[PDB]
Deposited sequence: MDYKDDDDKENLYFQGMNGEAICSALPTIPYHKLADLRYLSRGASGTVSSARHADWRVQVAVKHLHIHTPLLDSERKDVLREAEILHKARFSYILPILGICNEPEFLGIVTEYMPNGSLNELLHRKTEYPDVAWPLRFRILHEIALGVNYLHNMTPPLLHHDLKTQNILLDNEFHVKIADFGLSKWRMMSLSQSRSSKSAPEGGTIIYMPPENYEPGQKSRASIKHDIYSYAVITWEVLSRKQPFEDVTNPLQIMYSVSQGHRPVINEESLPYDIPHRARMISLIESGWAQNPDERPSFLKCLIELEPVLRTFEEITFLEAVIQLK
C-alpha cells in the first residue's frame, strides 16, 4: 500500500529545561529534554506571522520526508498558538564550522575523520538528489553540517531547499542541479585546509566579483600542505566541483564513485582513534 508515517505532535509542556544554544538566519536553537521519552532534544523556533508559520511547517515536512542516515532526524513538531518549533535529535558536537575553526579547542583533527565527514556529506546530498522529485539543498555551508556524539554527519537547514554568507554560492546564482556540488567543493577545500575561504578579502562583494571572474579559494602548499592524503586526487575533485561552467561539474554519483576508493584506504579503527583524540 501507500505506507505513510505521521510526524508526532509535541505538547510544549513536554519540553522541559528549554535553554538557548545558538541563533542563525533560520531561527533560534534551544536544547531541552522530553518529559516522557527522557531524551535530550533540540528545538528550532522563530524569534507570530501568518507566512513565517508556513515556513516552519514546510521545513518540518521536508525533514520528515527526507529521512536518511545523514539527514538530521526530526522527532516531531511543537505547534501551538503560544509556541512554534521543530523538534529534532540533539547533536552534541555542533557544526562542522566549529570543528574546523575552533583550533585551540581542537588542535588536531586526524585525516580519517575529515575524509569520513566529506564522504557522509556527499552521501547525504546524494540521497536528496535521488529522491522523487529530486530535492536540492541550495544552502550547504559548514555551519549547517551537524555532528552527533561520535562525529557522524547530520545535514540540516532546508529553508532555501527546492523540489525540482555567499562563499559557498556558485557564481551563476548571483543573478539548477549543479549548485550543491559547487558548495561541496568549497566545503571540501575548507575541511582540508582548516582555513576560511578568501581569508584576505574584507568585503563580500569583492568575493562575489572575484568568483564571477573565475577566482576560487587558493590552492597551494600553504593552504593545502603536501602531507594531505590523496592530495592530487582531492584537488582535482575540488577543482571540477567548483568549475565556472556548471555542466562541467560532476553529479554526486560521480563524486561518490571517485571518493569510495579513497575512504577504503583508512582502516576502520583509525576513525575511532581520530574521535577519541577530540575534546
| item | value |
| --- | --- |
| Missing residue ranges, deposited sequence indexing starting at 1 | 1-19, 67-70, 188-204, 216-222 |
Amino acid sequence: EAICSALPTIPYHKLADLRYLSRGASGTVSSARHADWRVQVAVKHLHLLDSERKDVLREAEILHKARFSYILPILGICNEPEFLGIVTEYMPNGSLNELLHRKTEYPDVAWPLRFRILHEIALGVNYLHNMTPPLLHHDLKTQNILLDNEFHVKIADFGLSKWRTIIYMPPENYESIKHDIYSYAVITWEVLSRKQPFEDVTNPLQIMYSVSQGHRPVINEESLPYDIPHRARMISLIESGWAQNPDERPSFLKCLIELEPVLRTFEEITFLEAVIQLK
From here on, numbers count along this sequence of modelled residues.
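Rigid core: the largest C-alpha set superposing within 1.5 Å between the two forms.
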| property | result |
| --- | --- |
| More variable segment, 97-105 or 150-158 [Cα RMS over structures in 6 other deposited structures of this protein, core-superposed] | 150-158 |
| Divergent stretch in 6 other deposited structures of this protein, 53-61 or 250-258 [C-alpha RMS, superposed by the core] | 53-61 |
| Entries skipping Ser26: at least a third of other ones | yes |
| At least a third of the other entries leave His129 unmodelled | no |
| Given 96-104 and 73-81, the range whose Cα B-factors average higher in the PDB entry | 73-81 |
| Segment of higher mean CA temperature factor, 245-253 or 208-216 | 208-216 |
| Given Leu160, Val153, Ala185, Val87, the residue at which the Cα B factor reaches its maximum | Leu160 |
| Chain thirds of CA B-factor: placement of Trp37 | middle |
| For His47, the third of its chain into which the C-alpha B factor falls | highest |
| Third of the chain's Cα B-factor distribution that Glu260 belongs to, per the entry | lowest |
| Third of chain Cα B-factors occupied by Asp139 | middle |
| Among modelled residues of the same chain, the CA temperature factor third for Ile228 | middle |
